[PDB]
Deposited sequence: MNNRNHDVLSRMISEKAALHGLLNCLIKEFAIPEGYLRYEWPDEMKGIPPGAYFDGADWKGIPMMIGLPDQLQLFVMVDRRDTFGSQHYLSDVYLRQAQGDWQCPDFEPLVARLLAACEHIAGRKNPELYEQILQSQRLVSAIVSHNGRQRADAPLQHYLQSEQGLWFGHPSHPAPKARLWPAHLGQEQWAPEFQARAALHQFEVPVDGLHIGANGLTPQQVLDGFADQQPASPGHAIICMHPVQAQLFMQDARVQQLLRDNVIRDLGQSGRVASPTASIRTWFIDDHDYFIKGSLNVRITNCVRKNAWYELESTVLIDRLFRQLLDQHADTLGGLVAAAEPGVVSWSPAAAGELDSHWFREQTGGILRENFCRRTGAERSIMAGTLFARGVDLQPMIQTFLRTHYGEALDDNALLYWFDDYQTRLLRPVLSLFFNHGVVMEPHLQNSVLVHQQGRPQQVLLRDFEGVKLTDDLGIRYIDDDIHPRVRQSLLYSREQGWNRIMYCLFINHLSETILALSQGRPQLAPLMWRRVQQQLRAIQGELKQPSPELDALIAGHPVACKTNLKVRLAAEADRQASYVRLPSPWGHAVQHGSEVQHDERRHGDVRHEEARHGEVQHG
């Protein structure tokens, strides 16, 4: 009974994430979406669309080029394809509507997109299924806690993103070596001591900002067990296993150049990014390489990224220190330290492989400044709980003392969006700093539910525009690091468009306005207005803001289309 229900919860959640991709990436842009009732409804039960009083929202009909039609009730007409689905999904061909089981529905829906895109991916289908099955397990494990639990504690926020990226075909697909899911899954409240190795100090590459190289090394691993001339490095336990499978590491181990110390490192909890670890009451997160495909992206820390990390940290310090009047209230997590190791005697390709495997980044643990009970990762902040309801509602109800009315919700949204929009847009147009301020790179800092700061993080996806931001880089920096950092203005702005409005704010708005779709036009209008306010705040010209306020289509990153082919599409402005 808890198991059947957990399965059913995971199937609904999983399917919604898939629809999201279908609508955002195919239906809207290619023009297959209509808010219309089918001519024939045979096959659809009255209860699907009629609640006893009125239609259950608005009919959504998707006519796919292979003659597969989709029917769902939705709560609102949205240009970003953001809406609550208020009915099971119906499919029809030839006719006759059907409600297939999870597996047969996905397959048919995916074959529809395969037919549009003109290419098949059988690997993606298994990944959709494996993703859904892990979500099933996750709800079965977590689905008895109070449902806004994720929102009570930082670590719980990172562990409580049960369903993952809300517009992904397979957000929980993770392909471990044949090692199980639970031991490395945040959603199972995973802890491990980090693997550790003793390594001679001659092969270390250390980047440091405001710290000493020893201080950087200490932040990763306590260094007491290191013998003279050696040091202790850490590594994701799954990574160490993969690392030690390579006969070059076996050689150094046999020849005693390096030492496998065991899982003897600091005991740490993985965060939503899987390869980044949280240690409570420790100054830093630890972010290591993980040669494992997480949501179709191996999380290697390339050598030139380790390099860039350090430059970007340096920049974010100068800008904050000297340029605060033009950073629109920016709050960012520092990445002040970086370690990697390769044998001193190693040639260039071995050298790069070794540092890519041993690469680690220190990220400032903002909880020290902000209090763990006051920081919530934003992705969870606007996600659904074990009971498929937005967590933010009961979360706020508790902090305010009463269920938030329309006006309290609008107030709260205003306090939130300004703190997100100002920093990013000030960085972009004032400095060429392209953030990637999507949900998972963003952390609400709040005081009794009230937004104080929206902390931003992750310097790996921070870029510098060729026309303005680039000039913060020293012309003496290695060309490969420079290439790694450099974005075109249009390239930066497309990413900023997606992340800010589509990935982030659209989700914010949809969660705060569950049960109250009428708020969405009101919240979006406030975003438009807020963009206008930022424009007059700005020290550099911003023709791209003009275009967005005016109503040009918004760039939207793809998570299903890209898998089949393409990386970007365009969705109408919601205002």
Handout entry: Stretches of the record's deposited sequence for which the structure holds no C-alpha atoms
Key = 1-4, 99, 184, 572-577, 588-620
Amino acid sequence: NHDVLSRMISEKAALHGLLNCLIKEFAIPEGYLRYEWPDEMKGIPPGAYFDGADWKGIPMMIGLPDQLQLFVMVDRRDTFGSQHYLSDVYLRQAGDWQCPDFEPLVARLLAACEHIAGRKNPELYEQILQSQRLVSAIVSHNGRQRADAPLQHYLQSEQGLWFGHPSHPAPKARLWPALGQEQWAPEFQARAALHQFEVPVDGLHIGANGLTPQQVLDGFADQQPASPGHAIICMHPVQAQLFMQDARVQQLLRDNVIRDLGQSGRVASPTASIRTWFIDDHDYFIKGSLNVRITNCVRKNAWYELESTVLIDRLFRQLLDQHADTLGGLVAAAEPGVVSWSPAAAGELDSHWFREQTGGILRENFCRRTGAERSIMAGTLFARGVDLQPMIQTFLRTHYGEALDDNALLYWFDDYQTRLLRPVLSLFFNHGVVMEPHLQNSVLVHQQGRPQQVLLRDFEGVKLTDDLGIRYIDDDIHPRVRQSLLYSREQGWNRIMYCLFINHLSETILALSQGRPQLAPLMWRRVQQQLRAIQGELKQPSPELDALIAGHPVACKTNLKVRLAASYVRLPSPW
From here on, numbers count along this sequence of modelled residues.
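We call the rigid core the largest set of C-alpha positions that still match within 1.5 Å between the two forms.
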Practice task
Would you say which of 215-223 and 240-248 moves more relative to the shown form in 5 other deposited structures of this protein, going by RMS C-alpha distance with the core superposed?
Solution key: 240-248
Practice task
Consider 149-157 and 291-299 separately and indicate which one has Cα atoms farther, on average, from the shown form in 5 other deposited structures of this protein after rigid core alignment.
Solution key: 291-299
Practice task
Look over 350-358 and 398-406 in the entry and identify the one with the greater average Cα temperature factor.
Solution key: 398-406
Exercise for the section: Give the stretch, out of 80-88 and 158-166, with the larger mean C-alpha temperature factor in the deposited entry. Expected result: 80-88
Exercise for the section: Name the residue from 145, 483, 296, 326 with the greatest C-alpha temperature factor listed in the entry. Expected result: 296
Practice task
Just grab whichever of 330, 376, 105, 185 has the top CA B-factor as deposited.
Solution key: 105
Handout entry: Entry-reported Cα temperature factor of residue 269, expressed as the chain third it lands in
Key = lowest
Practice task
Among all modelled residues of this chain, ranked by Cα B factor, put residue 95 in the bottom, middle or top third, i.e. lowest, middle or highest.
Solution key: highest
Handout entry: Cα B factor band for residue 196 (lowest, middle or highest third within the chain)
Key = lowest
Completion exercise
Of the three thirds of Cα B-factor ranks in this chain, residue 209 occupies the highest
Exercise for the section: Determine, from the deposited record, the chain-internal third of the Cα B-factor for residue 284: lowest, middle or highest. Expected result: highest
